[PDB]
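Enquirer:
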Amino acid sequence: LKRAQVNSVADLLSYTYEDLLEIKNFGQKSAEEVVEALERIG
DNA sequence: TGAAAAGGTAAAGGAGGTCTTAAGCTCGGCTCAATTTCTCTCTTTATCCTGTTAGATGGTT
Numbered sequence: 259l260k261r262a263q264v265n266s267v268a269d270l271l272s273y274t275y276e277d278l279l280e281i282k283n284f285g286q287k288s289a290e291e292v293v294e295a296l297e298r299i300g
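Sequential numbering of the first sequence, starting at 259, is according to the deposited numbering.
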């Protein structure tokens with residue numbers, strides 16, 4: 259994510275799950291991890 | 001001599017590309033009626049040429 263210039267939660271919220279899967283070497287398990295972390299912050 | 005401080009090695013796990021099948025389609029070939037060109041004949045017109053024996057003899061607007 260930091261390689262993708264994503265620096266804020268707003269920036270990450272600007273990406274869809276598909277855009278997250280397009281991130282180079284980002285896999286489904288890592289997208290799930292991000293979803294779980296966001297749920298951890300509601 | 002002890003101790004940073006960097007540099008290796010062996011994993012675990014994931015990420016990513018590359019392979020395999022059940023479902024379905026549509027695509028070309030093959031046959032095979034079904035016809036539009038083509039090329040001859042075979043005509044049939046389309047176009048040009050010549051002649052015509054009562055007598056006639058200077059314009060309209």
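All C-beta atoms in this analysis are idealised placements derived from N, C-alpha and C, irrespective of residue type, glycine included.
Using beta-carbon positions only, say whether residue 270 and residue 259 come within less than 8 Å of one another.
Expert: Their beta carbons are under 8 Å apart, which means residue 270 touches residue 259 by this criterion.
Enquirer: Looking at C-alpha atoms only, which residue of 274, 268, 263 is the closest neighbour of residue 289?
Expert: That would be 274, whose Cα lies nearest to the Cα of residue 289.
Enquirer: Using 10 angstroms around the beta-carbon of residue 278, count the other beta-carbons present and answer buried if the total reaches 16, otherwise exposed.
Expert: Burial call: buried.
Enquirer: Would you mind giving the Cβ-Cβ distance between residue 268 and residue 281, rounded to the nearest angstrom? I have them listed as a contact below 8 Å.
Expert: Not a contact, Cβ separation roughly 17 Å.
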